[PDB]
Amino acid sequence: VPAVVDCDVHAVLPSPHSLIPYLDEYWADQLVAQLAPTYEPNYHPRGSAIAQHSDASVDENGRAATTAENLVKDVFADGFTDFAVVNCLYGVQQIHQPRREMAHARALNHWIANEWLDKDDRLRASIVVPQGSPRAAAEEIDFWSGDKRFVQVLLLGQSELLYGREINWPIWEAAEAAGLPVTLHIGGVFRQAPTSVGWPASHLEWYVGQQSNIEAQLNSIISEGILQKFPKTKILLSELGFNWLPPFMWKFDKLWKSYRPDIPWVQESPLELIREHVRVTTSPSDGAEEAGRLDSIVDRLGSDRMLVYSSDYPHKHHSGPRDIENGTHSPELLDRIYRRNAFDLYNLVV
């Protein structure tokens, strides 16, 4: 029996000090010397409406999801969820100094393993990797290969170079070598303008706009040959929406037809490659929870295998984690989303 897996929930690092027990003295001393500048991202500004919903347990500082006890008390309360994949978005990937990036990426994962995975056997997590050095990124993936509670590699939607570049192929190689799916999460290294036409002037315009950059990562991944050179690769889009996929798929397919000899190794249609190797989390649902829209978007994708359930705890979205039921009348569809589609990613039984 496949388990109901929450494919995207969040741990929030209290402060960089939480890294001190998992750091060599060289970096613990120096972090304290630096008055510990915090790499807390602006992806979900902590005081904005999306940071946490009002029903979320909070700590003494009013912050949700900074301890394994609060998250587990909230996510598993109703008994519906059996497992949750934790993604910690602390901004280690925006540390420019390549050695401090590595060390902090490692301590973070160590934080995740001791303060979260060891505290509840219903939690899994992604491997935060230093994307500034693809060599270090892959070594980080090998090191956590040992612990199987780590069930995917975390990458940010906006990278320094497109993930399909040769330069980035070690990360794909290390992920496939460990049998780990690769997830892109909303977030970015911000080493260029977030769009091809410059800097968004608000977080809202930025947040809506990051779907475009996922079109580019998927085109680059497929175009450069990642799915032929690493054919076991699985990719999960996390908290980037999904209703934008069909028109992108159709145009990509149509242009592949036009440019076959430019990319001869791509012998299957990008329609088929994406339905087979791409999975998408359902939170936010972006309007697919309205009447019939969930059947309509699955019709448009050409596939009922791609959408996997998530709650995106503890963020607040216009619709709730189970409101996707209002968009379908297929019991069998809700079964792929809640249970069976995620089995392809994590092979987790209840």
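Numbering starts at 1 and follows the sequence shown.
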Seminar exercise, completed: With B-factors read from the PDB entry, the higher C-alpha mean of 218-226 and 136-144 is in 136-144
For this session: Pick between 197-205 and 230-238: the one whose mean CA B-factor in the entry is higher.
Result: 230-238
Seminar exercise, completed: From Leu184, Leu180, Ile95, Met249, the top C-alpha temperature factor is at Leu180
Exercise. Say you rank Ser54, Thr281, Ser48, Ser296 by Cα B-factor from the PDB entry; which sits at the top?
Worked result: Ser54
Exercise. What third of its chain's C-alpha B-factors does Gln210 belong to: lowest, middle or highest?
Worked result: lowest
Exercise. C-alpha B factor of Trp244, ranked within the chain: lowest, middle or highest third?
Worked result: lowest
Exercise. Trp172: which third of its chain by C-alpha temperature factor?
Worked result: middle
Problem set entry | For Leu19, the third of its chain into which the C-alpha B factor falls | highest
For this session: Place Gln152 in the lowest, middle or highest third of its chain's C-alpha B-factors, as listed in the PDB entry.
Result: middle
